[PDB]
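*Asks:* no sequence on this one, just coordinates:
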């Protein structure tokens, strides 16, 4: 037997990130994993995940191993890699305007970094920061009571079974989570919808076909060809029958075949992610197709939302009520993600409609469509246009869904409403991010300066602590904040932004972006979400802070 | 209880590398470690070409390069009063001198780089597990017993609390400098562990780009203990000082209050010069710091530990698969124990290069702020006495370079002599130039395969890239096609893989520059048999039938059959 | 070899290695000034960067401060500009690597007179008065005066 604070079952990206964050806040975690190693899957890393690595100080590492945005831009649709292109779309915000909306949304950027490298990076940091990490250990089951939970583990090295006592359990096993099964969580959706896919990993120098048109992926109508390491290591998606490959490249280039695997099509999510003392996290509560990068990025953000709350509760600085906001804030996102990824598969058939093709067409029918495309008639013009309209529409699954990625709007006991009407979105909320400074939104990024050197507004804010932001007219918040930290037992950094100060807004972006006068203030959560906002530093505003905080923490 | 082929105790660079390589060759390893994680502490960071070659064989080179600081940022070693104070002078460290750099480029396709063991370790531990090794941290080796069929060790699990047994065919002791595995195996050591009356390592953080970016180096040494060092961990930003808020010893070393400083952990180093005279004791093989414990002068610790693992894995693999007799494992001691003694003696001897600096300034060791100040102004003196002092100091400073990148020979000039190299009946050449300072390429058996550039599809490839992959390789020119057939016969005959490359104009690999012709000391029809670990075990002048007959014998001999 | 180089009495060394394939730095008059790295403000500067600018330049170490005064006297005397660089630990221009010491075939107090076109016209072993007297002659001679 053994005792710890939190038991994390699973060391995929969500469990690992959970361990890292709990270790960074002084909480004892034991992380476990049935398998011998990290996953040998996902690869698009979006801005929200990069911001979190930036908060933890792992951003520079990930960028070192990741392929940059500049190499991810050209999505090509073709007959084969060596054959003729139907056309290209500007993927992963490579279009100048998409890129601008990208830059303004965050200090971080897209990059490609196979889960294969990501996982061990984070598992090793978690152990470095203080988490205990044991692989080849299988969760068999648990029982809860009023004071905590006891789980039974099976050790695949020693052979022994032993018990672990813990105050909480995080179910971060994968898409077949036994932890979710035992906690009794309800799911909606199915796990094999219809055709799945076959994933042939392989190696081959394709620089001559790719360096003049750099992209993350190359899709063929005849299946996908995705880059793992620039122009060199690859998967094909669809034993020496894997010269299906030669067909997809379109013999001349030598090829070593790696492992092959199978994917199914899923659309299932948990309606509720918590069940007294058990919290479930990543693929365990949202299982979906790969369309859009959303799986890994959502999983890490699940862990970022929960850690700080658990920490606070385990230290008596907050009431267990606070843990309910994990479900309120995070379950919607899971449903959203699952529905989005599936819906993104509908954007492909319309490509065949534009070529007048049935699905699974035959080499003849294809060949006809290709020459109709080259036709100098008005019928051929219509086709050309139809194909364009169709191809452009696929972009939602391929970098255009910026709104889905960033426009979280939490509503829970952990955000204190300011009395403002919910504004909607001016533009489409799946395609476009809308910065909001209203409570429940994520803190907008703008550039300030510290010592004439650019710093993001987000760099003022993480570090496992609440932060409160203001201008010079709002010095009063400094004193009001100290009083509240003293009164309730919690850290509360206060930044006064302006001309004299450490942080100044040399560009006026902070003034422009907040929807609020200089003397107003934003209370930012450890997870970077705004929990409270005041118009000004009036005494009515200043009295509210202390209440907002007691309320947020359940006290 | 549990069973596995090899039990590796320790997950420092040698144990981890061992696990990776054995997993890559299809061998079941369990690697264990007392601690909760990889080494956090300030330890090794200079990665030399031999270690980079090995990563290049394993395909981890591009990863390490991504996280490592390049050679170009490592060049300026400055000696000064303080970082903000006045420089006594600079030497061109880590082969930054144009000529040192040429000798570097020619010696290998790889390059120096700085990568804190802190990142190196987890890189390799995760690859080992990915390639098939079982890896368990928080597990302590308590002891073992051997017999005729293998070994049984007792382990203590610090998570579950349980003790259990592990049965294995062999054990690799890669715990550190206090190896309990070495103690139980009964290995003999020579040398001591605390030589005199050591060093304190203060980790800290602070943006020093204004003081360093115009003169990029790995280290900045201060004469002020007489001496203290300031080493870069992440370019201009994360640091250790070497020598609780008394750690503004630091402010003294930087020489200013103005730059804000966050203090990290502090630790202590001692001066060691101790190595094992013998690294093997029936069925137990000891590996890194466990058999060579020494000071940090020259980068040699980590690099030697990884190469210990590269020498052994393939041999263990062959033996465990019945392709080789247990005799082959004796060459680990023959080939590797000398290098341990060499490394330890070199690192310690590199500390003698410092006192002569004080002699050149007429200073006693541990001088006082006044005496120092006098020496500085004598140095600036427009007299002939002052000229002599200047020159003395130069002669002294230059001599320290052996510990700071000049020891290229120590790094690369291994010459194995063991049952695992088959002599060709060439006279031993010596070294034309100093064998500590200068690498000498040799193609004679027992030497490491030289690097030269060939082309595959008009693209440069190293001779070394034809050669690892856990297998023996045989190299030749077109006049030597006969070796192809002879090689097949021997692979069929004994049960082992044996790649053959015929280098030339028509072929896959060609030597577009003539470097292969120039470098081998051998005619086109001759051949080199290269080991998995990149060392030449056999060489033939030509492809005559007398030469061709020998191959089969050399191979049966090397493998003990 | 011409009236515009003042021989220092040193035998011509030859070339150790083939003179078509390999450069040999020399500091003997008639040769081109060798390059080595010095520092100005801890930033690398070439020895050649001390030296052009349409003017004669004279190079020395600290033990050679006497050349500063001697040089001024000669500029005043004949009507020409003559920069003087004293290379060393205190100064503008220091040889942080010791290359200057290593490369010149000359003690610290010695000096090299470099022509506008970067060729050495005069070299002195040291700053003795016999050496210092020569400068004025070397210069009159070089200019035909």
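*Replies:* Arrived safely. Numbering: from 1, shown residues only, chains lettered A, B, ... in the order given.
*Asks:* so who does residue A:354 touch?
*Replies:* The neighbours of residue A:354, taking CB atoms under 8 Å, 6 or more residues apart in numbering or on different chains as the test, are A:383, A:386-387, A:389-390. C-beta: built from backbone N, CA, C; applies to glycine.
*Asks:* now it, nearest residue through space, not along the chain?
*Replies:* Residue nearest to residue A:354 in three dimensions, not counting chain neighbours: residue A:386, with 3.7 Å by CB to CB, 6 or more residues apart in numbering or on different chains.
*Asks:* over to residue A:174?
*Replies:* Leaving aside its sequence neighbours, residue A:174 sits nearest to residue A:283 (CB to CB, 6+ apart; 4.6 Å).
*Asks:* ok, now residue A:555?
*Replies:* Here the residue nearest residue A:555, using CB to CB, 6+ apart, is residue A:319, at 5.9 Å.
*Asks:* so the one you found sits against residue A:554, correct?
*Replies:* Yes - contact status for residue A:319 versus residue A:554: in contact at 3.2 Å, counting by CB atoms under 8 Å.
*Asks:* and for stretch A:133-140, what's in contact with it?
*Replies:* A:9, A:11, A:19, A:30-37, A:123, A:126-127, A:151-157, A:161, A:173, A:178-179, B:36-37, B:129, B:134-138, B:159.
*Asks:* now stretch A:332-347
*Replies:* Taking CB under 8 Å, 6+ apart as the rule, stretch A:332-347 contacts A:188-189, A:193, A:265-271, A:273, A:285-292, A:294-295, A:298, A:301-302, A:393-394, A:396-397, A:401, A:404, A:408, A:430.
*Asks:* quick one, domains of chain A?
*Replies:* As assigned by curated CATH domains, chain A contains the domains A:1-71+A:91-193+A:265-345, A:72-90+A:194-264+A:346-397, A:398-555.
*Asks:* what about the residue nearest to residue A:174, how many neighbours?
*Replies:* 26 (other CB atoms under 10 Å in any protein chain shown).
*Asks:* that one - that's part of a strand, no?
*Replies:* No - counting by DSSP: H, G, I helix; E, B strand; the rest coil, residue A:283 is not found in a strand; it is coil.
*Asks:* wait, isn't it in contact with residue A:15?
*Replies:* No - with contact defined as CB under 8 Å, residue A:283 does not count as touching residue A:15 (10.5 Å).
*Asks:* how near is residue A:253 to chain B?
*Replies:* For residue A:253, the distance to chain B equals 11 Å [CB to the nearest CB, to the nearest Å].
*Asks:* which single residue of the stretch 301-450 of chain A ends up nearest chain C?
*Replies:* Nearest to chain C, among the residues of the stretch 301-450 of chain A, is residue A:450, at 26.5 Å (CB to the nearest CB).
*Asks:* how about the stretch 51-200 of chain A?
*Replies:* residue A:60 (27.3 Å).
*Asks:* check the stretch 251-400 of chain A too.
*Replies:* For the stretch 251-400 of chain A, CB to the nearest CB, closest residue to chain C: residue A:254, 41.5 Å.
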